[PDB]
């Protein structure tokens, strides 16, 4: 039997199978406690639990696709949707440090230590995987993954104990203490292997193709319009007909989508109580851009997220500025004009999406509370689904010697750490590209850069990512 | 070309610390046995006498 | 450069609210991740830590001085230690720590300190 | 740990070293920070993360953290290092040490 | 490494040794070269490749390179070895050390 490190995407006219492999490292915990919290806010505080476990977060898109493979994805296909996912934990080498006392560290190898692996197929434990935090994976396959520690927030009971105003969320009857050691635990010793084998639900595709037409300009530019438009107001209408030059008063049969607090340049847009509780709903809905290119510069929005760096790394949503969205887009009403910045849902509407890019998420989670709309596509990129890919928790073990009969001899957790290899494969159901009788060469697919500093390549940790994000809508539909 | 890296086994950590050398130190010895066959032709004829 | 200047009221013995303040110069305090500590030092003895506060209201306290002191932020970094029947006057420093990444162990230490005020009790 | 141990004072001459002890339970898997407090002045961050020094601190200060102790070694002590040195860790709140009076 | 560490000066008597320190990150898997610069003169290649000496350098100079440090040991220092000794490596360009003034 052959032991392999697998990596690489294989394309077809149908789905592409993209696998990657990293080296993980379950470090250590000198205390295997649970370590509740002590936040004690003073102005609704938080209340958590710090589990001694390690989950892994392969959420982003820049791990399954190389930049050459992402460029081959954009210039050849016109949709993408995942349908399968397997996570194999390869060769495990749990080892122990012997503390040379004069050298400090000497690492032998342990055959009796193990690595407790739990897969949460039943969704019993809280899901913290898809929120966009700075522990995902290395972008390049040569660096070592350090998987994050598992922790979660619960709901408790806010008290007010202190001197001035000190609040503290204590435990209530609704609060929960999920001990992960009440489960089934593939114990997974040295050399052991384990798999997950998830299967994605039917999700709508992401349509990696722009438009060569405005949605409000879909008419014959000649010929006028069969209908009329008012001239006088005040009870005596006196409607007139239209010519072909009436472009700003052409009647549309479909409205644009909502623009709830789209502005340009804290908390952004925010719900909450009077002025100071005020939790943020930062990257808007998915129907809104937060960065595009107007006639002179880049407009950058209040509701933007930076994706790195600062100056920021924002995706250029040029396909939302086209179809009647954008940042400083007011709506006007002739009520006895009222400039409004919020646009409502407007029963017949189309708002296409905020575009996915090379570094976006893949799923988040739709929360278990009911009556969702629309929630098929989450913000921060990705899909977002009921029953997401389950979390793979990885503790090592507390091997706890020696004793000597009465004594607390030694360290009693001796010291152990585990290295390994995680090979994650995911298949994406690709759709065929939309037809164009176009005759023009379509624009080329290359990541954006400015001058001299090229995109993904080593320079004199070396490897540098571009200033703008590499979006995915660069071929035209033609609507 | 037959490329041969070893691996970057990268311990220990201790939970937060950058303990040790983190590439610990490793080296690999081995044996490469390379066989090659050469299609030989027969020697050209000479009625030479020398 | 970032400097921290204190404010001392003087001396009040018969159990009044000891109020302090620490205006930060060089950089604003609601500009990112930095704790803002209050640290004591008894003359002839080691340092003592009261508590630190983030700009979004969350404040950690010392478990020994928990029900006496109160840290607050109105771009002022106040401290309202009451019940001064125990005559602790020592010294009151301000200090800033960069907020760590993993929340487990402290990745940074108190690099910018204050000048220190001498309260008497 | 939650209670750092540190002796009272040390005695040194110019031309040698003075190594202090900051004892503590499981201090090897922790960060220890050293603070230089000259008399009449606020402390300054001397050695952070058990080995590193900032730009304002000269290159004669170095420390270590192994096992249940963390030392601070001064290489070539001058006539201006007579200052209280405190070790400080983070046992989930903050833990300050006693101080070796030099 | 890219920044070699070396102390200021050392004090010695005739009849003993004077060992210096050239600290550096991962200096064990590197080459360290020592240079003897008498005052008023150019430096000379004292010890090359951590153990070797050329023909012009006498057989009382020897060095080492282990772990994160590289030492230079003078066996029986005479009254002519009062010279600045610099350690030099190659972190892909050239890295010179500070210099132990003897």
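So that you can tell them apart, the chains are marked A, B, C, D and E in the order they are listed, and the count of residues begins at 1 in each.
The rule we apply is simple: contacts are C-beta pairs under 8 Å (C-beta built on N, C-alpha and C of every residue); 3 or more make two chains touch, one makes a residue touch a chain.
Under the contact definition stated at the top, the chains bordering both chain A and chain D are B, C.
Set side by side, C-D and A-C show the greater C-beta contact count at C-D. The most distant chain from chain D, with centres taken as the mean of CA atoms, is B.
Computed centre separation for the pair chain B/chain C is 63 angstrom, with centres defined by C-alpha atoms. Averaged C-alpha coordinates give centres for chain A and chain E that are 54 Å from one another.
Once the centre of each chain is set as its mean CA position, chain B and chain D turn out to be 50 Å apart. If you average the Cα atoms of chain C and of chain E, the two centres end up 49 Å apart. The set of chain B residues that touch two or more partner chains comprises 14-16.
Chain D has residues 29, 31, 93 in contact with two or more other chains.
Shared contact sites, meaning residues of chain C that touch two or more other chains, fall at 60, 102, 104-105, 107. Listed by chain label, the pairs that touch are A-B, A-C, A-D, B-C, B-D, C-D, D-E.
Against chain D, the residues of chain E that register as touching in their complex are 5, 7-8, 11. On chain D, the positions that touch chain B within their shared complex are 28-29, 31.
On the side of chain C, the complex with chain A involves touching residues 53, 57-61, 67-72, 80, 82, 101-102, 104.
Within the complex formed with chain C, the chain A residues making contact are 38-43, 45, 50, 134, 149, 162-164, 166.
Residue ranges on chain B touching chain D, taken from their complex, read 14-17.
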